[PDB]
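Structure record follows, encoded as structure tokens.
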Amino acid sequence: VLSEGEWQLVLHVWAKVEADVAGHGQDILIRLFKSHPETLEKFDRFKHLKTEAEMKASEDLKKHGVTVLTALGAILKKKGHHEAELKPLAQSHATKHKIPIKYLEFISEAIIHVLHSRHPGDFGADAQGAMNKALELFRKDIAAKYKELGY
Ligand code: HEM
Ligand SMILES: [N+]
């Protein structure tokens, strides 16, 4: 469980992210696809993209980037009380998209990388540690629902 001080660090840097949700979303998905190519194969919608240039030029990729960060932001603002927002996400990613928990670890790493690159002043080590804990909490609760369904 995160303390109030840790949640405040997480939400302070997230407020900066909301100033440009589309730019952050695109950077995060591209970072994920370049670092872990097997994740791109899960998206029939984006598997035709081969180079980083093509990825940056895709408006549809940018759109999905917004969807991912808007959903994640709603969860973080609940400060742990995210049952209602996390349940539908877990169901779709386990049974429809078939996304292993390991790929959620990969995207958490991309998020931390991008936040460090765009906000060095508000994302020091203390904030990095808090963000890492918030994403672990996110994964732990997703994994419990995956286990229930048999994934
Ligand atoms: C921070 C993590 C993530 C969040 C918040 C997130 C959020 C979402 C949301 C809101 C949708 C649309 C509604 C739904 O289907 O539930 C979606 C769709 C999808 N997600 Fe995720 N997602 C995340 C991670 C991943 C990862 C790591 C992968 C796989 C490498 C993945 C693959 C998909 C796919 C395949 C779809 C369908 C895209 C389409 O419309 O064709 N997601 N995700
Ligand atoms: N829900």
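The numbering of chain A matches Swiss-Prot: 2-152, in order.
Here the Cβ of each residue, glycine as well, is placed from N, Cα and C on the backbone.
The domain 'Globin' feature in Swiss-Prot is assigned to 2-148. Residues or ranges marked as phosphoserine in Swiss-Prot (evidence: similarity to another entry): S4. Taken from Swiss-Prot, the feature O2 binding site applies to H65, supported by experimental evidence. Per Swiss-Prot, nitrite binding site is recorded for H65, and the stated evidence type is similarity to another entry. The phosphothreonine annotation in Swiss-Prot covers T68. The heme b binding site feature in Swiss-Prot is assigned to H94; the stated evidence is experimental evidence.
Long-range Cβ neighbours of the residue listed as 'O2 binding site' (same chain, at least 6 residues apart, Cβ-Cβ under 8 Å): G26, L30, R46, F47. Around the residue listed as 'heme b binding site', the same-chain residues at least 6 positions away in sequence with a Cβ under 8 Å from its Cβ are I100, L105, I143. In the three-state DSSP assignment, the secondary structure recorded for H65 (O2 binding site) is helix. Across the structure, the residue listed as 'phosphoserine' and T68 (phosphothreonine) place their CA atoms 28 angstrom apart. The Cβ of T68 (phosphothreonine) lies under 8 Å from the Cβ of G26, each of these being in the same chain and 6 or more residues away along the sequence. In terms of DSSP helix, strand and coil, the domain 'Globin' (2-148) has 116 helix, 0 strand, 31 coil. Other C-beta atoms found within 10 angstroms of the C-beta of the residue listed as 'phosphoserine' number 10, with every protein chain shown included.
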